[PDB]
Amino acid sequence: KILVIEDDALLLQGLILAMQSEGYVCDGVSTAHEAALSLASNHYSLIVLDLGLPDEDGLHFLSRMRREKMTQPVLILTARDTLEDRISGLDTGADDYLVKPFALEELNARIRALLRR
């Protein structure tokens, strides 16, 4: 089960379809707030996390998740593309960091890598 957190609706819907195509169960949410509601009500094996979100920055939310001792693999998937952004994302507790625009099949391969580990 994958949770995708992404505020662009068109992109989010396509990401859900992609995860389902890969044989995962997938829930998509558009805010950090909705993510917290979903994390409380369901168990996820991996989280895909956009950083630019309307209510709380994804990086701040990730910090909170790790402070709550959540250990799910997190892949950051974001338009924030600077070297500083990538390093801070990883050091905040992300397991991978993939910049937009990106190919769907690379996302799939990186999710496979994260999961078999």
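Don't overthink the numbering: it's just position in the shown sequence, from 1.
Asks: Please compare 89 to 97 with 19 to 27 and say which has the higher mean C-alpha temperature factor in the record.
Replies: Result: 19 to 27.
Asks: Averaging CA B factors per stretch from the PDB record, which one is higher: 30 to 38 or 67 to 75?
Replies: Looking at the recorded C-alpha B-factors, 67 to 75 comes out higher on average.
Asks: Name the third of the chain's ranked CA B-factors that contains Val48, choosing lowest, middle or highest.
Replies: For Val48, whose C-alpha B-factor we compare with every modelled residue in the chain, the answer is the lowest third.
Asks: Report the third (lowest, middle or highest) to which the CA temperature factor of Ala113 belongs, ranking only the modelled residues of the same chain.
Replies: It belongs to the middle third of the chain when residues are ordered by C-alpha B-factor.
Asks: Would you check the entry's CA temperature factor for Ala103 and let me know if it's in the chain's lowest, middle or highest third?
Replies: It belongs to the middle third of the chain when residues are ordered by C-alpha B-factor.
Asks: Considering every modelled residue of the chain and its Cα B-factor in the PDB entry, is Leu83 in the lowest, middle or highest third?
Replies: Highest third.
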